[PDB]
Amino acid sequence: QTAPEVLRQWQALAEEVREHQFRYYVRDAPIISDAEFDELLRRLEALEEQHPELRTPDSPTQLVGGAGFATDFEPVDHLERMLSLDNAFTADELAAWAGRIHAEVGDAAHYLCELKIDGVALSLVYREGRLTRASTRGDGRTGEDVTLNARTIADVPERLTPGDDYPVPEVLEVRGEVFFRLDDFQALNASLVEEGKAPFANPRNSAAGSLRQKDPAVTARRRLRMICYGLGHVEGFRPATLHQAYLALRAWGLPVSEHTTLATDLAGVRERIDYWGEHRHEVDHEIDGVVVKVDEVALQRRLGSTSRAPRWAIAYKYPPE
């Protein structure tokens, strides 16, 4: 057993050094100067001569020069199951989904209506305002660790912004989609072809590939974006509705969309569906549908979910053309 203050100091310093190493080497974007970094590494090196057991092969000092950052896609459990969505392709089906809902919950349900993004699903975990894990869908219970790749996404903050209205939760699991803008997708393809590589067939594939990189510096230099859509497990945050959840997410610095609307009944839902059927092409990223979700979280709890999907939401899918 090492003395506690020595251990405290070392974790903090090593944590800080490593973050800076990652910012400079992987992301190519430091947030402190070179001078300051140098000082930091020296201290941590001293402390490790003063206390040799602290120096291990995983330390940022001994054995990490510009390296140690790699993604291995190992399994990691999601705190809450990350399911898929049921789909509706015709007006009858949607009405049918709403009939089933009205009958169960009775005019008390309002519907958040969002754009369905055609990209890769990503799940982030923030513990005390700090991002700890990012993962793929996988089987629903377990996905893959692409933590470093997510840390390079500009949209995803490392730490959550504190505030008066919305206190940072102890644990927050957030789902959202990663994607490329069409222009960026084209641009990346040109770049790839310029180095002799094969281009990607669509933005969905391109973003998935850009995210799933063993060397995350590859990912850092690609312009992935993310828009958050969902909550998984949370502690210290109990929003009454999903629309109110997005206010908090936004206050904390997470990225949310500007095209979400709150309809009051199925008629309102139908208007949005019709509207995005006509305007979806004006958005800069791929939209294949609209997600319809009962907004109040108590109603969501009552309706629950099946093994594969929730019953409180349905995604209307457009014909592709």
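Sequential numbering from 1, following the sequence displayed.
For the two regions 247 to 255 and 105 to 113, the entry's Cα B-factors average higher over 105 to 113. With 89 to 97 and 179 to 187 compared on mean CA B-factor from the PDB entry, the stretch scoring higher is 89 to 97. Of all the options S84, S135, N205, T152, the entry's greatest CA B-factor is assigned to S84. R308: CA B factor in the highest third of modelled residues in this chain (values from the PDB entry). Per-chain ranking of the deposited C-alpha B factor places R23 in the middle third. Ranked within its chain, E286 lands in the lowest third, by CA B factor from the PDB record. For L262, the recorded CA B-factor ranks within the lowest third of the chain. Only modelled residues enter the ranking. Among the modelled residues of its chain, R127 has a C-alpha B-factor that falls in the lowest third according to the deposited record.
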